[PDB]
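> mind folding the following:
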Amino acid sequence: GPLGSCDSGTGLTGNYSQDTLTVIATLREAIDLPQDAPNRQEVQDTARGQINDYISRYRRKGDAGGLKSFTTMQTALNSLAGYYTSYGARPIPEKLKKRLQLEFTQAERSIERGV
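Numbering: from 1, shown residues only. Now the structure:
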């Protein structure tokens, strides 16, 4: 386990309410960046941390089937996470980006009501 940065915590505070928004804020801007950005590999790793950390900590939250945000996010984050590893550092297609934007919109919207 040689891997381990000095910093701790991708950004989540453990609160499902803000945590959902935190990963969304990072993901929206992450995919927004230009495919010509040098932080293409770095930004992917950062977001990947939020993705894994988000479901990992909230894995036992409900395992989906109760919260629209968690259920929707589970698939959205998993789908997008696969894109980076599936192709690597390649940029996410514009089609997926547009669809993902809505996915996150629905997730943050659910937080307001607190499904």
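
> elements contacting the strand or helix carrying residue 22?
Assigned by DSSP states H and E, residue 22 belongs to helix 16-32. With contacts taken as 3 or more CB pairs under 8 Å, 6 or more residues apart in numbering; DSSP states H and E, helix 16-32 sits against helix 40-57, helix 68-87, helix 94-113. All C-beta atoms are positioned from the backbone trio N, CA, C, and that covers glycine.

> can these go into a markdown table with extra columns for distance to residue 8 and mean neighbour count?
Listed next are those as a markdown table, based on distance: least, CB to CB, whole Å; neighbours: other CB atoms under 10 Å:
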| stretch | distance to residue 8 | mean neighbour count |
| --- | --- | --- |
| helix 40-57 | 11 | 17 |
| helix 68-87 | 21 | 17 |
| helix 94-113 | 24 | 14 |
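
> dump the residue contacts of the residue nearest to the spatial centre of the chain.
Centrality entry for the chain: nearest residue to the mean C-alpha point is residue 51, 4.2 Å, by CA atoms, centre = their mean. By CB atoms under 8 Å, 6 or more residues apart in numbering, the contact list for residue 51 reads 23, 27, 77, 78, 80, 81.

> switch the cut-off to 7 Å
By CB atoms under 7 Å, 6 or more residues apart in numbering, the contact set of residue 51 is 23, 77, 81.
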